[PDB]
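Just one chain follows, in the form solved without the named molecule, and it is written as structure tokens.
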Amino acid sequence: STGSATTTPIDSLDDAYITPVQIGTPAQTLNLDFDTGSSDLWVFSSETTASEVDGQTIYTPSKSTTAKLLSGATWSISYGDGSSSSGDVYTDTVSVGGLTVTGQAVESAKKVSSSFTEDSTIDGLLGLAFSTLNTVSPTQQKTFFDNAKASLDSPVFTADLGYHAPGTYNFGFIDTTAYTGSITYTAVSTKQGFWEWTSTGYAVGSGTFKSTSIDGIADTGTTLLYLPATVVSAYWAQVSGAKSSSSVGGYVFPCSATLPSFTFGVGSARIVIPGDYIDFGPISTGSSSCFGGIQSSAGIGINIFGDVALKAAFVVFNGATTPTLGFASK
């Protein structure tokens, strides 16, 4: 089997991407944030504290004839940006782009943090990292991809995120018309539960490529590109007037600037992020100071190839016995 679904930016800045997902019988369609950096499929629901729901579409398990409460199971997640959510668990039928999994764990939120409430466009998350990170207790549950994998034509999914435009998540096949050149594959460590890999280096604009190992994670659920302080300083030094602002929380730059591209290495291959992808717009409405899309990972503990990087590529998440990651230009 295969599936294919369009993913759409939630706003004009590509702050996140939502993909429609059918849950239950009859289907309840929710727009979920597909997140290769986590492993829980959780949704706003009829059980969510009312004051914490503000415009989201909710899953109502009592209206699904295939929903079953997973007795005694709870979940609770804290994401790296400080947001969090928790609740109980159902199993139900879940379909993405024509690919159906029966008995998928659907984690129904009883509580969500303010950042989730304040984003009316995201109805929940669909985790695509390794199932070892799933938070359901006392019996850990499998991700949608892990449940589907044996039925898929090939045990893979691909992320093709658009810049200011829709894109595609495919399951079970590689669309060879969706990229240029070849896909370069690179080794993955699953020891931390992530799609963790090592980039071979970087360049800023038309500058010389610096060969250096950068260990990080491929994370569709993180907006920005978080890299070591030395790398980030080298990038922003090429933008007149850019500076790291402790009050704002990162590098900012004059909105009138033209940003240079940023290239990252995948083996001998090179993925070029156009400068415009690095502009996240005014720091507050009406400001002429803009937020940068490349930020320091200091204090995260890991480098993160978020949407800024991934949307410059066609990305293969290969879930074979030994997982690998593939990148192509597009």
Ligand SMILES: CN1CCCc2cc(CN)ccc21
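One-based numbering along the sequence shown.
Missing here is the form deposited with the named molecule bound; even so, the following discussion is about that form.
K.L.:
Overlaying the pocket C-alphas and bringing the named molecule over as found in the bound PDB entry, would you call this site open, or blocked by 3+ ligand atoms sitting within 2.4 Å of backbone or C-beta?
P.N.:
If you fit the named molecule onto this chain using the C-alphas around its site, the pocket comes out open.
K.L.:
With the named molecule left out of view, which of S154, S86, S83, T139 would have a heavy atom within 4.5 Å of it in the bound PDB entry?
P.N.:
Exactly one listed residue reaches within 4.5 Å, namely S83.
K.L.:
Which residue, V204, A159, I174, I122, is the contact with the named molecule in the bound PDB entry, using a 4.5 Å heavy atom cutoff?
P.N.:
Among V204, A159, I174, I122, a heavy atom within 4.5 Å of the named molecule in the bound PDB entry occurs only for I122.
K.L.:
Can you tell me if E52 lies within 4.5 angstroms of the named molecule in the bound PDB entry, counting non-hydrogen atoms only?
P.N.:
Residue-level check for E52: no, no contact with the named molecule.
K.L.:
Do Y79 and the named molecule come within 4.5 Å of each other in the bound PDB entry, heavy atoms counted?
P.N.:
Output for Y79 is yes: heavy atoms within 4.5 Å of the named molecule.
K.L.:
Using the partner position in the bound PDB entry, report whether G221 sits within 4.5 Å of the named molecule, counting heavy atoms only.
P.N.:
Yes, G221 is a contact residue.
K.L.:
Could you list the residues in 96-119 that come within 4.5 Å of the named molecule in the bound PDB entry, counting only heavy atoms and keeping sequence order?
P.N.:
Those in contact are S115, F116, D119.
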